[PDB]
Amino acid sequence: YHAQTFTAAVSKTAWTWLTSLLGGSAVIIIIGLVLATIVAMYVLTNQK
Amino acid sequence: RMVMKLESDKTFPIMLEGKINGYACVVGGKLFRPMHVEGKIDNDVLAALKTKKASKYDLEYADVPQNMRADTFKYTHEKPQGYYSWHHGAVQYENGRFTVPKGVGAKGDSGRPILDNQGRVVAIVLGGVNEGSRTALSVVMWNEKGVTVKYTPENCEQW
Amino acid sequence: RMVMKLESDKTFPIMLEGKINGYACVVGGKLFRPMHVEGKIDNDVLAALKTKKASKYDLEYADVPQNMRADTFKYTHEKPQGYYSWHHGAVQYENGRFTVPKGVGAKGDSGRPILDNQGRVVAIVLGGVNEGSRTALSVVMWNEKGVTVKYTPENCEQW
C-alpha cells in the first residue's frame, strides 16, 4: 500500500555505524594531513 | 700552501668501477656518505657496516663502533664569515653560502668535508654549481641545535 | 685612492642612437636599470633579459643568469655617516642624504652605484637637485630589513 526508498529501512543504529566508520575514516586522514603540514612548517622554520 | 697541509686520513674514498667517485667521512662518531656514490668503503670494517638511508638530506649515516669514536672529526655549529680550509683550496663562506674559485671541484669530489682554520669539520659537500668566476657549493652543515640545515642552490650540478 | 673604486666592469652603459643617457648596474644577482632612461644595454646577454617594472621606486629589475651571478656588486644595509666613494668623486652622507660638490651629476649620470669606503654598493642614485646653495641626490638605498627605502629631495631634478 506504499512505496519504499533505498534508505527507508536503514534505522538509526546502522546510520551510527556507517557514520562512525566513514567519519572516523575521514577524521584520521584529516589528523594525518594536519600533522604533515605542522611538521613541514616546523622543518621549514628549522632552516636557520 | 697553507690550505693543503691540513691533511686528515679520516676520509675514505668509495671504490667501484675501480675508480674514485666520492669520499665518505667519519665525523663526531657517524660515517657519512652521499647517495650518488656507489661502492664499498676502503676500510673493510666500515665497508661491512650497515647504513641507514636519509634520501631527503642526501646522506647515508652509519653508527661507528665504540672503539673508533676516539679518532673522528669534530663538528662545528658556528660559521664565522670568511675563508675556510679544504682539500683543494680556500672556500669562502659569504652571505650564508659556501663558494670556491673557478674550476676547483668536479665529479668524484663529492662528500669531501669543509673544515675551518682551527682544524675541524664545519660542513660536508654533496655537489657544486658553477655561478661563473666563482663557483657555489651544495653543502650541508650543522646548527647550534643540531637541526642539520641543508643548503642546495638552484639547479645545482650534482658531483 | 679614489681611483681604486672605478675598476668595476660589472656596470653597463645604455645606448640610445649611439649616445649615453644612463647606466644599468648589477647588484646582488639582480640587474637594476633606471626606468626614465630610454635605450638598450650594450651587453647582449643582459639586454635580452626581460625586466619587471617598478613605477613607484623608479627602476626596473631583472634576474641575472646563473653564470653572471658570481661577478656582481654586494649591497650593504648599514650606511654610516660621512665619506663615500663615487666615480665622479667624493660623496658625503649627512642626516640620511647624499650630497656632492656643485655641478657633479648631469644628463646621463643615473644608475650609478654609490660605492662605500669598503668597496661595495650601498645605494643607486637616480637624479640630483640643487636647492638654495646645497646639492642633494635622489637615491634608492637598502634598509636593514631589506625594504629598499627611497629618499628623494623636494623638487628633484632628473639625472
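Since chain C takes its numbers from Swiss-Prot, the residues it shows come out as 117-275.
Cβ atoms here come from the backbone N, Cα and C positions, even for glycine.
Copied over from Swiss-Prot, here are the features:
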- C:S124: phosphoserine (MOD_RES)
- C:126-275: domain 'Peptidase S3' (DOMAIN)
- C:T127: phosphothreonine (MOD_RES)
- C:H152: active site, charge relay system (ACT_SITE)
- C:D174: active site, charge relay system (ACT_SITE)
- C:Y200: site 'Involved in dimerization of the capsid protein' (SITE)
- C:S226: active site, charge relay system (ACT_SITE)
- C:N233: site 'Involved in dimerization of the capsid protein' (SITE)
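Annotated features taken from Swiss-Prot, shown on the structure.
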residue	record	Cβ contacts under 8 Å, 6 or more apart
C:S124	phosphoserine	C:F189, C:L231
C:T127	phosphothreonine	C:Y139, C:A140, C:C141, C:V142, C:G227, C:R228, C:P229
C:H152	active site, charge relay system	C:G138, C:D174, C:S226, C:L242, C:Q274
C:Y200	site 'Involved in dimerization of the capsid protein'	C:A206, C:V207, C:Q208, C:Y209, C:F214, C:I230, C:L231, C:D232, C:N233, C:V238
CB contacts for C:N233 (site 'Involved in dimerization of the capsid protein') [other CB atoms within 10 A, all chains]: 12
C:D174 (active site, charge relay system), number of other Cβ atoms within 10 Å: 18
Neighbour count (Cβ, 10 Å) for C:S226 (active site, charge relay system): 28
Reduced DSSP assignment, C:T127 (phosphothreonine): strand
Per DSSP, three-state class assigned to C:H152 (active site, charge relay system): coil
C:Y200 (site 'Involved in dimerization of the capsid protein'): secondary structure state under DSSP, collapsed to three categories: strand
